[PDB]
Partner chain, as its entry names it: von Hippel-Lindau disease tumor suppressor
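Next up is one chain by itself, shown in structure tokens, the form deposited without the partner chain.
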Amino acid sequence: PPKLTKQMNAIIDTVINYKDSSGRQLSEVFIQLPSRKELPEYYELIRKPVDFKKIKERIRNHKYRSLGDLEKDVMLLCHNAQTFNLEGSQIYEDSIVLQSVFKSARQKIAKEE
């Protein structure tokens, strides 16, 4: 339904647009994965690569049957950032915050059970 798509887009836009107390947009690095030719090491280590552009494409093309499916893909993105990057590094830390930002956005926008 158009309502579900509106909610998914509103949730992902909250995640994308989020800035920390310093005004930095944390999603910046995660919008588009570097190409396989630029960073082959990433694709050698990460089995299911995904970025925010792909998640937007999947919402747009009606590929998520529920908000749970959308969540699964956002969590996979953050997991891959944490798998590839060192614990304590900025990319690693940013992905942890974005998991939390998605959950707050889902609770606020969707107002479920």
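Just so we're on the same page, rigid core means the largest C-alpha set that superposes within 1.5 Å between forms. Positions refer to the first chain, counted from 1.
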Greater Cα displacement in 8 other deposited structures of this protein once the core is superposed, comparing 33 to 41 with 80 to 88: 33 to 41
- request: Name the higher of the two by mean Cα B-factor in the PDB entry, 101 to 109 versus 88 to 96.
  value: 101 to 109
- request: Sort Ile31, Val50, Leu67, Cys78 by C-alpha B-factor from the entry and give me just the highest.
  value: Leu67
message: Going by the CA temperature factor in the PDB record, which third of the chain does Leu45 belong to: lowest, middle or highest?
response: middle
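Same protein, other form: the form deposited with the partner chain bound, not shown, and the subject of what follows.
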- request: Answer yes if any heavy atom of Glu41 is within 4.5 Å of a heavy atom of the partner chain in the deposited bound form; otherwise answer no.
  value: yes
task: Tell me, yes or no, whether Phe84 is in contact with the partner chain in the deposited bound form, where a contact means a heavy atom of each within 4.5 Å.
output: yes
- prompt: Does the 4.5 Å heavy atom contact test between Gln90 and the partner chain in the deposited bound form come out positive?
  reply: yes
